[PDB]
Amino acid sequence: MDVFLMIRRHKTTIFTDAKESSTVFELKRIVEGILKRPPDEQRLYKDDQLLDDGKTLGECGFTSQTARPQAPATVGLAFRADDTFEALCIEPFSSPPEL
Amino acid sequence: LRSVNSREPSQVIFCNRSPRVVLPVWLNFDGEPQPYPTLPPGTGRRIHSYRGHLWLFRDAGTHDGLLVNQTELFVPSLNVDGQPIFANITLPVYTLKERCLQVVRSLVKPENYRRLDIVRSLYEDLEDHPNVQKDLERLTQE
Amino acid sequence: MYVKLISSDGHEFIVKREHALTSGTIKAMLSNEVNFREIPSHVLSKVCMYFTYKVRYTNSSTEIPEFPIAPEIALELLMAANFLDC
Ligand SMILES: Cc1cc(CC(=O)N2C[C@H](O)C[C@H]2C(=O)NCc2ccc(-c3cnco3)cc2)on1
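Let me sum up the structure you'll find in this document.

About the thresholds
- Residues numbered from 1 in each chain as written, not as in the entry; some residues may be left out.
- Chains lettered and ligands numbered in written order.
- Heavy atoms only, no water.
- Residues with missing side-chain atoms left out of burial classes, pairs and counts.
- Contact = heavy atoms within 4.5 Å.
- Helix = DSSP H or I, 4+ residues; strand = E, 2+ residues; numbered from the N terminus.
- Nonpolar A, V, L, I, M, F, W, Y, C, P; charged D, E, K, R; others polar.
- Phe/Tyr/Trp six-rings, centres within 6.5 Å; stacked < 30°, edge-to-face > 60°.
- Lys NZ or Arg CZ within 6 Å of the ring centre and 35° of its normal.
- Pairing = 2+ DSSP bridges.

Looking at the interface of chain B and chain C
Between chain B and chain C, the residue contacts involve 20 residues of the former and 22 residues of the latter. Ranked by residue count, the leading element in the side of chain B that touches chain C is helix 1 (residues 96-105) of chain B, at seven residues. For the side of chain B that touches chain C, the residue count by class is twelve nonpolar, three polar and five charged.

Description of the packing of aromatic side chains
Ring plane angle 20 degrees and centroid distance 5.8 Å describe the contact between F93 of chain A and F13 of chain C, whose orientation is recorded as stacked. Here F13 of chain C lies in strand 2 (residues 12-16) and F93 of chain A lies in the segment after strand 5 (73-78), a pairing that spans two chains. Their ring planes at 75 degrees and their centres at 5.3 Å tell us that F14 of chain B and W55 of chain B sit as a pair that is edge-to-face. Taken together, the residues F14 of chain B in strand 1 (residues 9-16) and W55 of chain B in strand 5 (residues 54-59) connect sequence positions 41 residues apart. An aromatic cluster of three or more residues is present, and its members are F14, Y36, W55 and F57 of chain B. Here the guanidinium or amino end of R8 of chain A rests over the ring plane of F93 of chain A, the centre of that ring lying 4.1 Å away.

A word on the interface of chain A and chain C
Contacts between the two partners involve 22 residues from chain A, matched on the other side by 24 residues from chain C. Every element with two or more residues in the side of chain A that touches chain C is listed here: strand 1 (2-9), strand 2 (12-19) and helix 1 (24-35) of chain A. Broken down by element, the side of chain A that touches chain C gets its largest block of residues, six residues, from strand 2 of chain A. Relative to strand 2 of chain C, strand 2 of chain A is paired through three bridges, and the arrangement is parallel. In the strand pairing of strand 2 of chain C, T13 of chain A is matched with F13 of chain C.

What follows is the structure in structure tokens.
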């Protein structure tokens, strides 16, 4: 299965899809291509929980019913290497008016 | 744009693969859309019709356009060579705009749609309901 | 491969070109980045979602599901929709 993520960090959101079977670490590579930062310099989360590079998306709980192209799940991203990791932080989205 | 008056009965079946209440529509020997009873989403039904007759499907509440076997228009085929003909009814990928009229159509009485601050040109697009008689006049060109 | 689309509230949305070139508007502002002075982020996110929901589901049997639009967002979405031609 393809799983559809929204890789979020600061004021930054990458939309990507990935196989269920693929790995945290593979996702970390995909980030390399885009924001040009090597997997060492990045940690990756869902919902606070901190993810392990060897575990499949499927198993981190990304499924074809978790993350539907139309409502893709979020993955937290945080930087700065062994030399101190910045805390998890994600600016929220602009608020909707009246009705 | 009519059904050809064969009298070769053809057994069809309408599977509704859509969140919506679908209204099947047989297009007459003269041209006029006749409507059948509708299908609660999920829901199937066995149907007797005839080779070369023409159908088309839509939301029974907001006449929106659905597909049947991936095209706009259903013609029942050779009733045997196995037996029933399979009519699968789907949302297209509406464009984001039409979809966007939908939610708004469904959210506001079109009496009270002039008090909804957006460009006049979008007031016109929104008061512009999909119509079968229209779409027929549309489809009728190709 | 990728292109950025910048909200009017700072936020940046990396999406694939292929998903991007769905907006005939955006096909022309690319051809790289695109600022949008008058589309907040709470919109551009749904848009991007639509491009992925559009690119996934067109040309397919696999019962297409409903793209869900939250009421609060309808008008603003409608207006981006029309501008972005999609
Ligand atoms: C000859 C001749 C007669 C007719 C009129 C007719 O009997 N028709 C027209 C369409 O083929 C439909 C077909 C008909 O009346 N079928 C009986 C029928 C009754 C209910 C349904 C039904 C129920 N829910 C959805 O459709 C479908 C077919 O067409 N050719």
